[PDB]
């Protein structure tokens, strides 16, 4: 249930999220009102989850980034870890995952020493063991593909 017009909108809004209703309208061949109203439909079903500035983590002082795969110390607590980690500001993402581990987190931090303190907070707040994979360089990210 996603027509051609809706495809053009989400493609445009991936590429440019500050773009304005009139720009959008003249690109989809619609009135600024039919645009507004379609864009509100997108947002209220779950198609557009919100809108964000892409910030350079380096520039605001997150010089170390890492993947941390976490698995439950006792796999019979009911599974909680995403809820309980939600309040560690430095966890940016949390996925559950098939395989030997249960979740993968992407985490950003000031330095090597700050990473060790965060790994302790993690181990303790979700009661979890950790496997860390430091990122050396990001070549490109979030490049959303609308087919």
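Numbering follows the first chain given and starts at 1. If you superpose the two forms and keep the largest set of C-alpha atoms that fall within 1.5 Å, you have the rigid core.
Looking at 43-51 and 75-83, the one farther from the shown form in 5 other deposited structures of this protein by average CA distance, after a rigid core fit, turns out to be 75-83.
Between 48-56 and 100-108, the higher mean Cα B-factor belongs to 48-56. The PDB entry records a higher mean C-alpha B factor for 75-83 than for its counterpart among 33-41 and 75-83.
Listed residues 120, 93, 26, 65 were ranked by CA B-factor as deposited; 26 comes out on top.
The deposited CA B-factor of residue 10 belongs to the middle third of values across its chain.
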